[PDB]
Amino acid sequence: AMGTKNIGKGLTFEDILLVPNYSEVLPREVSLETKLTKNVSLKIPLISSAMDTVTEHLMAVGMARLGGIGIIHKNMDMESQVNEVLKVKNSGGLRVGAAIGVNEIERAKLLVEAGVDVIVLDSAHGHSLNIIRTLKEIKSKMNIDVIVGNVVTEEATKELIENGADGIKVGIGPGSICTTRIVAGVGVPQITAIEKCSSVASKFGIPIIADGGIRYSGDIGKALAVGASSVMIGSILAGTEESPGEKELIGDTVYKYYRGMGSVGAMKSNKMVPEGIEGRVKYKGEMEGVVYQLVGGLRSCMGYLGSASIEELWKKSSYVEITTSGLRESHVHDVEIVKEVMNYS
């Protein structure tokens, strides 16, 4: 009762667990440095999403000072985007990124001369002709690293690299605010997607960015273990003070807004078919604390895997599949939490 078009089972983060290794490294000893693109390096593998409710200059500066990096979003006029990147990199000469859309060549040139360090050429569907052509023209008119996405296949990864991609960004449907997989029925579970694209990208030494889906620090580890060089994360940071967003109080708890870029209110700035929704998140206050627990989680992970660098994590990692009942085991069960903890909201 099985069909010719079934190409296998796809796995998400909650589907797997990482297997502990013989270890002689402490979590405090772990190197977290990583390549963002082929030519840009980072000291922590974290990237804040290119979203209007997540990353502007204040988020980027915060990211860059902690060793990561932020991608200013393109939902604004061209050189107000330039002002954002001028702010960050006048500020301690920190390293920063910016996003552009299909054929937005003028926007990109400006950002480059504003000193932006990486351009993220993003799209609902990176493995597309308009994307490929937009990438070729950039690399011919501009000397700057370009991350391209989003994609989820071998074929996409390979072809984008063959045309100049300095980084490949993975993820269709995994985001907290994404409805693509429901509206269009399209996607690939984030672990399998990162796996497929790693097996090609690593051949060329091109970094993969695992975009979307990250819910707990343990997910950061899984993503990297499987072949990512960094993760892009939206909803975790959208709770912080540094995200742009309007705070609201509905009951006894305070929230601020987090919406998809393919959401109706995002596209207005109708007869539209949206693939993102508009939502809120619990306000988690200060950035530096959220990021620290994320980094804490990853160090703990790599220690369990006896891996002192991302690169050693790739060599030594393995995982087991788990069931729904395995996941139940993995979470807290049968006891009732008396104090909120930042790790585990």
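Throughout, we count residues from 1 along the sequence that is shown.
- Going from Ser269 to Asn270, the model skips 10 or more deposited residues, which lack coordinates.
- For the pair 131 to 139 and 239 to 247, the mean Cα B-factor is higher in 239 to 247.
- For the pair 187 to 195 and 249 to 257, the record assigns the higher mean C-alpha temperature factor to 249 to 257.
- By the numbers in the PDB entry, the CA B factor is greatest at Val264 among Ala201, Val264, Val151, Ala210.
- Which of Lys316, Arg299, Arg65, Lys35 has the largest Cα B-factor in the deposited entry comes down to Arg65.
- Per the PDB record, residue ranking by Cα B-factor puts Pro174 in the lowest third of the chain.
- When the CA B factors of the chain's modelled residues are split into thirds, the value for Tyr292 lands in the middle one.
- Annotation for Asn103: C-alpha temperature factor in the highest third relative to the rest of the modelled chain, per the entry.
- Split the chain's modelled residues into thirds by C-alpha temperature factor. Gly306 is in the lowest one.
- When all modelled residues of the chain are sorted by CA temperature factor, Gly92 is found within the highest third.
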